[PDB]
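**Q** Just passing along the structure, written as structure tokens.
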Amino acid sequence: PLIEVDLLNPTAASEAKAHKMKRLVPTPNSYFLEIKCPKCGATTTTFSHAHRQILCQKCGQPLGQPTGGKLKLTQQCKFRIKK
Amino acid sequence: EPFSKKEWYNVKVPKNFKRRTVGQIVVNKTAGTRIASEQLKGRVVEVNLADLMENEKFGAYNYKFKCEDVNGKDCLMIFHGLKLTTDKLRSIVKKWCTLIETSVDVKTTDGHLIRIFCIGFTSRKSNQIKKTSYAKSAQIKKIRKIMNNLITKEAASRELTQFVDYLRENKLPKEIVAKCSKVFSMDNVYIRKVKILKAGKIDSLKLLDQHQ
Amino acid sequence: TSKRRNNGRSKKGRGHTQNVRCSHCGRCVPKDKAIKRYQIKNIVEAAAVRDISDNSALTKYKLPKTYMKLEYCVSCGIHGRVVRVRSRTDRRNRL
RNA sequence: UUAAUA
RNA sequence: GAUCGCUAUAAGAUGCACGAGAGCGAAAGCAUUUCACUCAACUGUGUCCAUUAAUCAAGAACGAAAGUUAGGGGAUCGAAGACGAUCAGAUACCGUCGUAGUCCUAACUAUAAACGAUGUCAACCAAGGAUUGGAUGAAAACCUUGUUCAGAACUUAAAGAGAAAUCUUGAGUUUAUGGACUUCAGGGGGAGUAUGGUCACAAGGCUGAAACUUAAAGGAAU
């Protein structure tokens with residue numbers, strides 16, 4: 001670009017827009033989360049971009065469907081980000 | 001004189017249509033081993049649909065009938081096929097859209113076996129900005145399978161006579177658009193041609209039921 | 001050398017295209033290179049439209065039109081005045 | 001429609 | 001009893017309009033819709049290995065059309081050929097007929113203006129608008145928008161390069177000359193010819209000079 005920004009201190013917004021690899025220090029866009037079951041109270045921890053059917057550990061209200069890039073959680077499944 | 005031996009017969013279409021007489025057909029008078037009622041047995045009469053219904057909202061459809069017997073100077077016709085008018089068929093082919101075509105072989109309840117051709121077109125949208133409106137190969141097959149199954153249910157359940165009168169009502173084209181609109185934006189859906197692959201068995205009483 | 005950047009064709013990401021026949025010469029030209037024009041005209045000329053409408057047996061029958069797509073080779077497009085030879089700097093205009 | 005050469 | 005008109009048939013071939021500076025493929029090439037069998041690529045990934053990579057004499061698959069061999073098919077068109085015109089002549093252009101061929105199967109052939117006339121891999125790289133296939137937010141599959149990855153392209157440049165035309169997803173970063181590798185060229189003819197070798201049933205293909213002759217031949221632009 002003709003106009004140039006600092007290459008050591010990129011903004012929070014600028015790094016978020018960039019590709020997951022083309023950042024200053026590459027970081028994954030994925031995360032680990034747990035899903036409370038609709039059927040029971042147990043929380044099953046799983047990858048954000050899981051590539052298989054996600055079942056509860058108790059039963060199996062299947063909690064997610066793998067769809068080419070991110071888990072398709074059911075509309076009644078609530079999750080939080082595991083930090 | 002060439003026309004000294006010629007006779008004119010009245011043409012009668014079944015009761016399904018508002019107009020019962022469509023014209024006159026010519027045939028030579030009888031001879032030694034040539035009976036006119038025997039000769040008028042494979043004549044196919046083509047008439048527009050804007051004449052059998054006496055309304056010009058049906059004008060872009062040509063209907064064909066064949067003669068099955070001569071009942072005293074009257075040729076009792078039976079339905080032989082339908083086809084879109086040539087001007088209408090070429091007037092609905094837009095350039096920057098996907099054309100969807102299909103054909104189904106359906107056996108009616110009364111025994112007739114017919115072939116039905118359907119045409120469709122991916123459409124624009126109200127807020128569409130990009131010029132082209134194409135569909136992926138997956139969406140085309142989904143749409144074709146829908147219009148293939150939907151047209152079979154409506155045609156196999158009813159006899160040939162009542163199915164044809166159904167085609168006059170826009171229920172089938174309207175229902176196809178309202179059921180393929182969950183896959184892609186379709187606007188023009190027409191049944192361009194209906195054939196009769198195998199003529200089912202008919203009876204004089206059944207024909208008499210078909211003619212008054 | 002290269003009079004045109006696209007070599008006079010419309011083929012970019014492929015190696016072969018099917019042939020079409022010139023509507024006037026009968027020549028074989030590739031589908032992209034052919035000069036494609038569309039025509040939509042009434043089946044009755046502007047002089048005779050009044051005559052047909054006078055003595056007609058139909059209530060308000062609307063006269064149909066004819067639609068056909070004409071494809072011309074380069075030689076028969078230039079000769080038939082379908083396209084003209086343009087300026088060196090006006091060749092680039094695509095509108 | 002036909003129109004070769006210096 | 002033609003041309004013309006309607007209705008019926010059975011093979012051959014073809015696949016309009018949709019059809020595009022759109023898609024796929026190593027290239028040649030690929031277009032009626034259904035079902036199988038495959039294959040490749042893009043995107044997504046806190047999955048695995050840990051240098052396995054790039055380019056490659058010899059060597060090997062695929063290689064348009066024409067052509068060859070043997071069956072089937074033989075509709076349309078049509079090298080050869082036969083007529084009729086035109087012309088001074090016409091063995092041609094125009095018209096009519098028409099054999100091989102055009103089509104399928106098996107096996108050869110291995111050549112094209114096989115072209116982007118631009119080798120393969122890699123890094124950096126000025127402003128855009130649009131499009132094809134994904135991922136990801138917003139706005140209720142389709143469509144309108146933000147970001148980002150991959151693909152075929154397009155426009156502007158007072159800049160870089162070049163003999164100029166022009167190139168900008170390079171033909172830029174080169175007398176301030178060196179990122180890696182392979183192939184090819186040395187004025188024009190003679191000539192891709194002769195001979196020798198080798199492949200093919202054949203046509204031909206691959207390798208391939210010399211004698212002699214000549215001050216030019218050639219490229220872009222006014």
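By order in the structure tokens, chains are A, B, ...; within a chain, residues start at 1; ligands start at 1, following the order shown.
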For a quick test of understanding: name the residues of chain A lying within 6 Å of chain E when counting only C-alpha atoms (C1' of nucleotides), and present them as a ChimeraX atom specification.

**A** /A:17,19,68-69

**Q** Please write the residues from the selection above to a file, keeping N, CA and C atoms, as a PDB file, in the first residue's frame.

**A**
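As written to disk, part.pdb reads:
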```pdb
ATOM      1  N   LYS A  17      -9.130  -8.594  11.097  1.00  0.00           N
ATOM      2  CA  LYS A  17      -9.526  -8.684   9.695  1.00  0.00           C
ATOM      3  C   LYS A  17      -8.602  -9.606   8.910  1.00  0.00           C
ATOM      4  N   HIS A  19      -5.995 -12.537   7.537  1.00  0.00           N
ATOM      5  CA  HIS A  19      -6.072 -13.990   7.521  1.00  0.00           C
ATOM      6  C   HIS A  19      -5.399 -14.553   8.765  1.00  0.00           C
ATOM      7  N   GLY A  68     -18.420 -28.124   7.337  1.00  0.00           N
ATOM      8  CA  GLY A  68     -17.373 -27.484   6.563  1.00  0.00           C
ATOM      9  C   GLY A  68     -16.766 -26.198   7.086  1.00  0.00           C
ATOM     10  N   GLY A  69     -16.455 -26.137   8.375  1.00  0.00           N
ATOM     11  CA  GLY A  69     -15.766 -24.971   8.889  1.00  0.00           C
ATOM     12  C   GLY A  69     -16.145 -24.528  10.286  1.00  0.00           C
TER      13      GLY A  69
END
```

**Q** I need the chain B residues near chain E as a list in words; criterion: at most 8 Å, counting only C-alpha atoms (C1' of nucleotides).

**A**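 Only these qualify: residues 42, 43, 44, 90, 93, 94, 95, 96, 97, 98, 99, 102, 125, 126, 127, 128, 129, 181, 182, 183, 184 and 185 of chain B.
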
**Q** Which polymer residues have any atom within 12 Å of an atom of residue E:128, counting only C-alpha atoms (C1' of nucleotides), with same-chain residues fewer than 3 positions away left out, as a PyMOL selection string?

**A** chain E and resi 154-157

**Q** So how far away is atom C1' of residue E:202 from atom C1' of residue E:67, in Å?

**A**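 We find that atom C1' of residue E:67 and atom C1' of residue E:202 lie 9.6 Å from each other.
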
**Q** Please produce, as JSON lines, a per-residue contact table for chain E versus chain C (criterion: any atom at most 10 Å away, only C-alpha atoms (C1' of nucleotides) considered), showing the nearest atom pair and its distance in Å to one decimal, sorted by chain then residue number.

**A**
```
{"residue": "E:16", "atom": "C1'", "partner": "C:69", "partner_atom": "CA", "distance": 9.9}
{"residue": "E:17", "atom": "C1'", "partner": "C:69", "partner_atom": "CA", "distance": 7.8}
{"residue": "E:19", "atom": "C1'", "partner": "C:31", "partner_atom": "CA", "distance": 8.9}
{"residue": "E:20", "atom": "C1'", "partner": "C:10", "partner_atom": "CA", "distance": 8.9}
{"residue": "E:21", "atom": "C1'", "partner": "C:10", "partner_atom": "CA", "distance": 4.3}
{"residue": "E:22", "atom": "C1'", "partner": "C:13", "partner_atom": "CA", "distance": 9.1}
{"residue": "E:23", "atom": "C1'", "partner": "C:13", "partner_atom": "CA", "distance": 8.8}
{"residue": "E:24", "atom": "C1'", "partner": "C:14", "partner_atom": "CA", "distance": 9.0}
{"residue": "E:25", "atom": "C1'", "partner": "C:14", "partner_atom": "CA", "distance": 9.0}
{"residue": "E:27", "atom": "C1'", "partner": "C:15", "partner_atom": "CA", "distance": 8.9}
{"residue": "E:28", "atom": "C1'", "partner": "C:15", "partner_atom": "CA", "distance": 8.7}
{"residue": "E:29", "atom": "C1'", "partner": "C:16", "partner_atom": "CA", "distance": 6.6}
{"residue": "E:30", "atom": "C1'", "partner": "C:16", "partner_atom": "CA", "distance": 8.6}
{"residue": "E:31", "atom": "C1'", "partner": "C:18", "partner_atom": "CA", "distance": 9.3}
{"residue": "E:64", "atom": "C1'", "partner": "C:16", "partner_atom": "CA", "distance": 9.4}
{"residue": "E:116", "atom": "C1'", "partner": "C:12", "partner_atom": "CA", "distance": 9.5}
{"residue": "E:151", "atom": "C1'", "partner": "C:13", "partner_atom": "CA", "distance": 9.6}
{"residue": "E:152", "atom": "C1'", "partner": "C:13", "partner_atom": "CA", "distance": 5.2}
{"residue": "E:153", "atom": "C1'", "partner": "C:12", "partner_atom": "CA", "distance": 7.3}
{"residue": "E:165", "atom": "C1'", "partner": "C:1", "partner_atom": "CA", "distance": 7.1}
{"residue": "E:166", "atom": "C1'", "partner": "C:2", "partner_atom": "CA", "distance": 9.1}
{"residue": "E:219", "atom": "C1'", "partner": "C:1", "partner_atom": "CA", "distance": 9.7}
{"residue": "E:220", "atom": "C1'", "partner": "C:1", "partner_atom": "CA", "distance": 8.5}
```

**Q** Would you list the contacts of stretch 183-190 of chain E as a ChimeraX atom specification, taking every protein, DNA or RNA residue within 9 Å and counting only C-alpha atoms (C1' of nucleotides), but skipping same-chain residues closer than 6 positions in sequence?

**A** /E:119,212-214,216-218

**Q** Could you tell me which residues of chain C sit within 10 Å of chain B when counting only C-alpha atoms, and give me the result as a list in words?

**A**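 My answer is residues 40, 58, 59, 60, 61, 62, 63, 64, 65, 66, 67 and 68 of chain C.
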
**Q** Selected residues, N, CA, C and O atoms, written as an mmCIF file, in the first residue's frame, please.

**A**
```cif
data_model
loop_
_atom_site.group_PDB
_atom_site.id
_atom_site.type_symbol
_atom_site.label_atom_id
_atom_site.label_comp_id
_atom_site.auth_asym_id
_atom_site.auth_seq_id
_atom_site.Cartn_x
_atom_site.Cartn_y
_atom_site.Cartn_z
ATOM 1 N N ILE C 40 -35.341 -9.160 -32.973
ATOM 2 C CA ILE C 40 -36.720 -9.331 -32.530
ATOM 3 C C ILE C 40 -37.582 -8.428 -33.399
ATOM 4 O O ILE C 40 -37.541 -7.201 -33.258
ATOM 5 N N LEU C 58 -60.570 -12.209 -35.511
ATOM 6 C CA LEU C 58 -60.345 -12.332 -34.081
ATOM 7 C C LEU C 58 -60.617 -10.998 -33.400
ATOM 8 O O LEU C 58 -60.497 -9.933 -34.013
ATOM 9 N N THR C 59 -60.993 -11.069 -32.122
ATOM 10 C CA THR C 59 -61.435 -9.894 -31.380
ATOM 11 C C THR C 59 -60.346 -8.834 -31.265
ATOM 12 O O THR C 59 -60.484 -7.738 -31.815
ATOM 13 N N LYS C 60 -59.258 -9.147 -30.557
ATOM 14 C CA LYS C 60 -58.193 -8.171 -30.355
ATOM 15 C C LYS C 60 -56.811 -8.809 -30.469
ATOM 16 O O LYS C 60 -55.834 -8.278 -29.931
ATOM 17 N N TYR C 61 -56.717 -9.912 -31.213
ATOM 18 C CA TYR C 61 -55.488 -10.684 -31.383
ATOM 19 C C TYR C 61 -54.264 -9.792 -31.544
ATOM 20 O O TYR C 61 -54.247 -8.881 -32.374
ATOM 21 N N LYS C 62 -53.242 -10.063 -30.737
ATOM 22 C CA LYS C 62 -52.011 -9.286 -30.750
ATOM 23 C C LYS C 62 -50.997 -9.948 -31.674
ATOM 24 O O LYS C 62 -50.745 -11.152 -31.569
ATOM 25 N N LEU C 63 -50.427 -9.162 -32.573
ATOM 26 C CA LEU C 63 -49.522 -9.709 -33.574
ATOM 27 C C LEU C 63 -48.257 -10.236 -32.907
ATOM 28 O O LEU C 63 -47.616 -9.508 -32.140
ATOM 29 N N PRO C 64 -47.868 -11.478 -33.168
ATOM 30 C CA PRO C 64 -46.650 -12.018 -32.562
ATOM 31 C C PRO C 64 -45.400 -11.463 -33.227
ATOM 32 O O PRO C 64 -45.442 -10.861 -34.299
ATOM 33 N N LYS C 65 -44.277 -11.672 -32.555
ATOM 34 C CA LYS C 65 -42.969 -11.307 -33.074
ATOM 35 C C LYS C 65 -42.154 -12.561 -33.352
ATOM 36 O O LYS C 65 -42.480 -13.659 -32.896
ATOM 37 N N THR C 66 -41.080 -12.387 -34.113
ATOM 38 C CA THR C 66 -40.151 -13.466 -34.405
ATOM 39 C C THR C 66 -38.812 -13.177 -33.741
ATOM 40 O O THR C 66 -38.350 -12.033 -33.716
ATOM 41 N N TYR C 67 -38.208 -14.217 -33.176
ATOM 42 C CA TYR C 67 -36.959 -14.094 -32.440
ATOM 43 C C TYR C 67 -35.954 -15.076 -33.015
ATOM 44 O O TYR C 67 -36.243 -16.272 -33.120
ATOM 45 N N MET C 68 -34.780 -14.577 -33.386
ATOM 46 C CA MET C 68 -33.719 -15.452 -33.857
ATOM 47 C C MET C 68 -32.378 -14.774 -33.629
ATOM 48 O O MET C 68 -32.269 -13.546 -33.675
#
```

**Q** One decimal, in Å: what's the spacing between atom CA of residue B:148 and atom CA of residue B:162?

**A**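 Taking atom CA of residue B:148 and atom CA of residue B:162, their separation equals 19.8 Å.
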
**Q** Using DSSP on the backbone coordinates, identify all residues within stretch 4-203 of chain B classified as helix (DSSP H, G or I); present the result as a PyMOL selection string.

**A** chain B and resi 4-5+36-39+49-52+56-58+86-91+137-156+160-168+171-180

**Q** List every residue of stretch 5-93 of chain C that DSSP, applied to the backbone of this structure, assigns to strand (DSSP E or B), and report them as a PyMOL selection string.

**A** chain C and resi 19-21+28-30+35-42+65-72

**Q** For residue B:147, work out the shell of residues within 8 Å, counting only C-alpha atoms (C1' of nucleotides) and skipping chain neighbours fewer than 6 positions away, then give it as a list in words.

**A**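 Once the nearby chain positions are removed, what remains is residues 102, 118, 176 and 180 of chain B.
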
**Q** Hey, can you spit out that residue selection with N, CA, C and O atoms as a short mmCIF file (atom, residue, chain, number, x, y, z; two decimals), in the first residue's frame?

**A**
```cif
data_model
loop_
_atom_site.label_atom_id
_atom_site.label_comp_id
_atom_site.auth_asym_id
_atom_site.auth_seq_id
_atom_site.Cartn_x
_atom_site.Cartn_y
_atom_site.Cartn_z
N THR B 102 -37.22 -30.50 -18.43
CA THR B 102 -37.47 -31.85 -17.93
C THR B 102 -38.55 -32.50 -18.78
O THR B 102 -39.26 -31.83 -19.53
N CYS B 118 -41.69 -29.91 -19.33
CA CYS B 118 -41.76 -28.70 -18.52
C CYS B 118 -40.52 -27.86 -18.75
O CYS B 118 -39.42 -28.39 -18.92
N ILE B 176 -45.48 -25.12 -8.82
CA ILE B 176 -44.07 -25.41 -9.04
C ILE B 176 -43.20 -24.22 -8.65
O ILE B 176 -42.16 -24.38 -8.00
N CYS B 180 -40.36 -24.53 -5.81
CA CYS B 180 -38.97 -24.40 -6.18
C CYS B 180 -38.38 -23.06 -5.76
O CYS B 180 -37.19 -22.82 -6.00
#
```

**Q** Please report the interatomic distance between atom CA of residue B:161 and atom CA of residue B:103 in Å with one decimal.

**A**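 Atom CA of residue B:161 sits 19.9 Å away from atom CA of residue B:103.
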
**Q** Leaving out residue A:60 and any residue of its chain fewer than 2 positions from it, which residues lie within 10 Å of it when counting only C-alpha atoms (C1' of nucleotides), given as a list in words?

**A**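 Result of the neighbour search: residues 37, 38, 39, 40, 53, 54, 55, 56, 57, 58, 62 and 63 of chain A.
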
**Q** Write out as number ranges by chain the residues lying within 12 Å of residue A:8, counting only C-alpha atoms (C1' of nucleotides) and excluding same-chain residues fewer than 5 positions away.

**A** A: 15, 23-25
